[PDB]
């Protein structure tokens, strides 16, 4: 990861999380579970969707394209015609594979960044009220119930 979060200081993902890409676990005395962060997840979904559509917008549709025949005395223009078809094909194949490779790299970084920003966000909310255990978990000092855990998720909490 380019931002150290995914596959970084947060070694793995949660098959348990099932309502978004980024979320919380929380093991409060009342119980355990998973809750996905909407803010993060929807923003990411909006961007990647826009990214995919952008890629598709740029690529032109292909209409009717049919070959031409040449007689035995027109080998030069026939080869020229083929050099043109082969040329653009090689170019577009290159453009398509390169754009997908580059964006795939960006996309994974984008997620890594989102997780990271979520961590740092939840971290600056808690401060002294909890310690960083690592693996992206925060252990509270003052005990936090479900009513309280929820305040952390929707960025309210507050208590320097």
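Residue numbers count along the first chain shown, from 1.
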Of 13 to 21 and 142 to 150, the stretch whose C-alpha atoms average the higher B-factor in the entry: 142 to 150
Averaging CA B factors per stretch from the PDB record, which one is higher: 44 to 52 or 128 to 136? 128 to 136
Whose C-alpha has the highest temperature factor in the PDB entry: 28, 104, 95, 117? 28
Comparing residue 34 with the other modelled residues of its chain, is its CA B-factor in the lowest, middle or highest third? highest
